[PDB]
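Here's the structure we're looking at; comments come further down.
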Amino acid sequence: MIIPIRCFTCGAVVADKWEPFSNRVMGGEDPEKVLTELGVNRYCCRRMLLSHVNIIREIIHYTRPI
Amino acid sequence: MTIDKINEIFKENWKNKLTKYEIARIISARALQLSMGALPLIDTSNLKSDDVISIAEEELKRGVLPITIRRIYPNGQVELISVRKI
Amino acid sequence: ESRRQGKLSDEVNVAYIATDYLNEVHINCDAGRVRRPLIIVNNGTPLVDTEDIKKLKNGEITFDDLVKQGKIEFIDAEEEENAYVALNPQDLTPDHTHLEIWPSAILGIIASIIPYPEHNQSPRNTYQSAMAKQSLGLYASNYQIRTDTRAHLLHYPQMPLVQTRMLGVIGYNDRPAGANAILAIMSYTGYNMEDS
Amino acid sequence: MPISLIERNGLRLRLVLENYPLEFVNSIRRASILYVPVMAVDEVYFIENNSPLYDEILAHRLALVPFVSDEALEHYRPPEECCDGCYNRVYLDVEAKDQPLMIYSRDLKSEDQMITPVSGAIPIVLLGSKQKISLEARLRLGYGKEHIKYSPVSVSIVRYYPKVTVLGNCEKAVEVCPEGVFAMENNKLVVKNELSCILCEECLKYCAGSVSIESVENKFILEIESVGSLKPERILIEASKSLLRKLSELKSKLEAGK
Amino acid sequence: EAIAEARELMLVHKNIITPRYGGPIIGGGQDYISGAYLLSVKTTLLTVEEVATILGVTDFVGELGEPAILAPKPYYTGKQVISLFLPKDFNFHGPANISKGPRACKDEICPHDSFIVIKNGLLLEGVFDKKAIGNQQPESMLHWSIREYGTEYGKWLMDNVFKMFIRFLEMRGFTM
Amino acid sequence: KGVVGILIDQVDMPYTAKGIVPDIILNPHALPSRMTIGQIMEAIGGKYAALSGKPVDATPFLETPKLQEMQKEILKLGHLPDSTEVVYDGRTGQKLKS
Amino acid sequence: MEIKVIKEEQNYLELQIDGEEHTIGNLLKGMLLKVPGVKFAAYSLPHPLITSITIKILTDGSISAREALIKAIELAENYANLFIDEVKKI
Amino acid sequence: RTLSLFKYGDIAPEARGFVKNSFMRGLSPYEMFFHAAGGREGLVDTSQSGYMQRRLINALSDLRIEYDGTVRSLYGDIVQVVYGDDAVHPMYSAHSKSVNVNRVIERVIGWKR
Amino acid sequence: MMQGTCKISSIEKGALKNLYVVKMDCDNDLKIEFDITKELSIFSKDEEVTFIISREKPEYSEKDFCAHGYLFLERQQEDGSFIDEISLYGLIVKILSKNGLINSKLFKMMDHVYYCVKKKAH
Ligand code: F3S
Ligand SMILES: [Zn+2]
Ligand SMILES: [Zn+2]
């Protein structure tokens with residue numbers, strides 16, 4: 001739904017690098033270069049960002065009333 | 001060779017040997033009557049386990065049990081085996 | 001030819017059966033026949049050319065326009081008795097009558113999610129299809145306002161890094177049911193023996 | 001028995017350890033993960049939550065947020081000697097008006113000003129229109145042996161010390177090494193980054209007679225990477241202090257039995 | 001009475017040999033066989049620390065003896081470590097499973113470790129594989145051990161030596 | 001298919017020289033008799049996709065990139081082309097021989 | 001931690017420690033293997049789901065097993081103190 | 001012809017299901033179809049076995065070994081004068097053999113042979 | 001109980017991965033070949049060395065090759081020569097003789113022996 005706070009494999013924090021990465025990649029930059037500039041060097045942490053699906057944006061339109 | 005030599009070998013082999021069913025029956029009976037208030041026939045002061053089945057096993061291993069197995073042969077002959085110090 | 005020119009219904013299929021003893025023509029126009037599309041080739045040249053592809057890529061025409069122009073036709077299993085089909089354009093012959101659109105279209109929608117399925121043994125590909133219908137993920141975007149008797153929800157779903165072309169068509173990348181794991185292949189502690 | 005610094009780059013610290021046994025170095029590597037105290041969210045008190053995320057999901061997300069703990073190891077009671085002086089309170093009270101709103105880590109307010117989130121740009125939750133959250137969390141010290149949220153590092157590495165020797169000359173070594181240990185300088189093979197060698201031995205199946213690869217027996221390389229709560233040098237000292245505590249307790253219990 | 005009968009007649013180690021045929025129905029599987037092969041091959045050399053790591057998963061406490069190799073460096077052998085668990089009067093001669101191909105020699109003079117030689121409980125030749133420790137293999141070395149030393153010995157052997165194979169796979173590394 | 005047999009903490013897992021730890025460990029004995037090469041190919045392709053940031057298409061008969069190009073690019077990005085790693089035991093700290 | 005003796009002699013000791021795991025067991029085994037007089041030393045973790053280890057020491061009789069264990073603990077403490085001293089000046 | 005990709009009356013090896021690739025190199029589309037067709041009948045792969053075992057159990061349940069060595073029914077009928085031929089349990093057999101004499105010889109003089 | 005001076009003739013690979021075979025030519029029409037690995041490979045292909053086989057532990061240094069095992073095999077060939085085999089707990093030492101080790105009443109079957117090879121170039 002929303003980006004995890006930490007990488008699943010190691011305990012590195014990845015949630016604060018999601019907005020810069022996604023904003024710059026849809027701006028036309030190379031994903032590998034953006035990831036290397038952000039400091040994400042291990043592929044365990046790179047799969048966290050390269051495979052995230054932002055579903056909370058769709059879900060906020062159908063939140064349970066309670 | 002009463003009927004066959006194999007039958008004589010069989011009966012000679014099982015003459016002074018206990019089958020596993022007899023051992024199981026003796027141990028179960030001893031444990032059942034030991035849990036009902038009987039006094040153990042061994043020390044039972046430095047044994048590893050203090051349950052009835054372990055005490056019965058140790059009582060059978062060192063012959064102290066005054067129990068006799070009655071084997072009834074199909075022709076009517078009776079054989080008696082004693083486990084009290086054999 | 002009449003069907004390809006728009007003067008006959010596209011629901012009509014015709015087969016000619018010639019044998020040492022039989023000389024028959026069969027025409028079928030009823031319901032319930034399973035048909036598949038093919039590109040019509042003529043003298044070793046498919047009727048879909050570069051200009052049609054260019055007009056298709058920028059949105060001027062669609063698949064239905066190619067069908068209505070007599071370049072692609074749906075044929076049933078009995079009309080295909082007269083068909084000589086080529087998988088790829090580079091093995092075409094003046095004796096060929098049709099060309100396959102997509103060689104991977106012999107699979108269904110679940111067999112279309114397997115990466116490298118032609119490198120696996122077939123029973124494992126069959127078991128995959130059964131197990132893919134039992135996995136937990138996101139089944140609907142409005143799941144929180146629905147009332148289902150039983151339902152599941154994976155908290156952090158990921159889309160596969162190794163993709164297939166059908167995953168984006170069917171909308172699986174928006175409703176995924178798994179995650180990407182760092183995998184090691186080794187013997188460790190004996191707790192992964194025989195399917196653990 | 002010295003210690004040599006390789007590199008200090010932000011949250012990473014890399015060292016060379018000489019004349020230490022591998023058992024001690026691996027025990028340090030494990031203790032820096034398992035037995036170093038860190039401030040983290042223990043439980044959350046919810047008043048209202050209209051967000052798309054459930055209470056348990058938000059609680060887990062808050063528990064995974066790092067907090068600065070350098071000054072908290074002398075003002076707060078560790079979990080080994082279990083209110084004031086035990087817990088800290090952090091508040092969050094947000095609401096969206098008419099358009100979706102994203103809640104970050106800078107929206108968390110701590111009663112004690114020395115315990116703050118490491119980064120203020122961590123996305124917590126996205127709120128829809130008119131949705132609101134108001135909660136209150138309690139933070140306490142803990143060890144990574146209990147929950148991995150209390151671990152102060154991300155990676156912790158000990159590897160062998162390499163010895164790379166160039167015997168002849170071959171251009172394949174530069175091609176096949178994944179670590180970039182070799183380079184070509186004036187038509188000859190030289191070693192640039194010897195300490196980056198991971199003893200892959202991939203160079204020995206191509207440059208069989210041109211390169212020699214060994215490991216130094218008494219030297220080891222230690223890498224740790226902090227997550228933000230503590231500086232890398234404090235973690236290595238806290239791990240050794242934990243080892244000393246355990247050893248002293250075991251020794252006392254042993255000597256009290258003979 | 002029910003508990004006593006279950007403990008006397010139905011216990012697992014008393015039923016290692018199946019009644020359908022005279023063979024063991026309990027034995028080694030997948031990592032056990034490859035670990036035994038990798039440990040018992042004649043190229044395996046071990047140090048004191050590696051030997052202590054391997055033997056730490058068992059019940060063994062005692063003297064290791066001298067290493068098989070004394071100079072230039074002190075090294076133990078996998079066969080030497082395996083021999084610590086065989087009875088000191090056990091003898092066995094037989095081929096190994098790996099002897100299907102050209103490496104088969106059908107005699108004790110084999111440069112491929114294809115023929116198993118045990119004399120006085122000392123593994124001097126051959127490897128351990130499916131034909132020596134595998135389950136459902138009648139007239140194997142494990143079957144003869146169980147038959148001639150009791151099912152309690154088989155229980156003790158399966159609980160001690162079969163862990164060493166897994167530990168050695170963990171140390172050696174086995175991948176595909 | 002399989003069932004979870006044990007859960008192991010990150011300290012006890014085997015780690016690579018970069019400190020990476022597996023999320024799941026698979027037994028090598030499950031592959032040879034079932035002959036699922038696509039899983040090893042997918043592991044290599046996934047490592048390549050994570051390292052390079054480039055799309056990986058595994059559509060049958062039409063796979064791009066090819067395996068050899070993937071392995072060359074994996075080598076150029078700082079890893080071994082055959083997708084193997086140097087691994088240490090987390091419980092003792094000793095390097096595995098393979 | 002909580003300890004208890006399984007079997008003790010002058011040249012043999014089997015010690016069970018509750019609340020400990022690989023971190024202390026491996027260190028103690030490695031320290032024991034370098035104590036002069038120790039013939040065999042190993043540690044075991046009987047079940048990974050339980051936090052408990054077992055230490056097994058065999059000596060030649062010139063030194064007691066308990067004395068060897070105490071010496072190994074002292075060696076480990078010296079190493080830890082030296083590490084603490086040397087980390088503060090990098 | 002099996003598929004529309006092939007000529008009328010073609011009985012060449014590739015037209016009738018011979019795969020010349022390996023799993024390492026990958027299968028062709030029609031090779032994949034042929035492989036899936038070959039393995040279809042293994043997917044189909046007990047009441048008869050259960051019925052037979054039940055009939056055997058109900059036929060044989062009353063037989064017992066006596067102290068005589070004889071196999072008799074609980075109603076007294078004699079089935080075998082001695083069990084088997086040597087009164088040896090298959091569970092204690094040396095793989096159907098009462099004694100393996102070569103094994104005994106190996107036990108006694110195997111250390112010098 | 002059995003000594004000699006001899007020269008190495010060949011060092012080949014063998015059946016297994018890291019195995020190596022050191023063939024040797026000795027005096028008194030004696031031939032010896034034994035298995036080694038990379039760790040124990042300290043021999044060149046044309047050097048003079050000295051060996052000894054005895055039931056007592058010899059004197060050895062860090063630059064020699066010393067091992068102990070069991071003499072477990074002896075066969076007689078068609079020409080009247082003997083094949084003797086010592087197993088260093090897995091590593092085989094083969095000895096070619098005309099009188100044998102047991103047939104000559106030097107050793108018994110399954111004796112524990114010590115095998116040492118030292119370099120003549122002290
Ligand atoms: S190829 Fe590479 S990293 Fe080390 S041993 Fe060989 S150099
Ligand atoms: Zn990571
Ligand atoms: Zn052979």
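Letters go in sequence order (proteins before strands), and every chain restarts at 1. Both backbone and side-chain heavy atoms feed into the values below; hydrogens, waters and symmetry mates do not.
- Here the NZ atom belonging to I:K118 is positioned 5.5 Å from the CG atom belonging to I:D64, to the nearest 0.5 angstrom.
- Heavy atoms of E:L124 lying under 4.5 Å from chain I belong to its backbone as well as its side chain.
- Contacts between E:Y76 and chain I at a heavy-atom distance below 4.5 Å are absent for every atom of the residue.
- Of all the heavy atoms in I:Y60 and I:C116, the pair that sits closest is CB-SG, 4.2 Å.
- Taking OH of I:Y114 as the reference point, atom CZ of I:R55 lies at 13.0 Å (rounded to 0.5 Å).
- Note: I:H68 and I:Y89 have perpendicular aromatic rings, judged against thresholds of 30 and 60 degrees for the angle between ring planes.
- Both the backbone and the side chain of I:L19 come within contact range of chain E, judged by heavy atoms closer than 4.5 Å.
- Looking at E:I69, both its backbone and its side chain come within 4.5 Å of chain I, counting heavy atoms on both sides.
- E:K73 NZ: more than 12 foreign heavy atoms inside a 6.0 Å radius.
- Contact count against chain I (heavy-atom pairs under 4.5 Å) is highest for E:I109 among E:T44, E:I109, E:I82.
- Taking the six-membered ring where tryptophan is involved, the planes of I:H112 and I:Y70 are perpendicular, since the angle between them exceeds 60° and thus also 30°.
- Interface remark: of the candidates I:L73, I:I42, I:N18, I:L73 forms the most heavy-atom pairs closer than 4.5 Å to chain E.
- Residue I:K17 touches chain E through its side chain alone, counting heavy-atom pairs closer than 4.5 Å.
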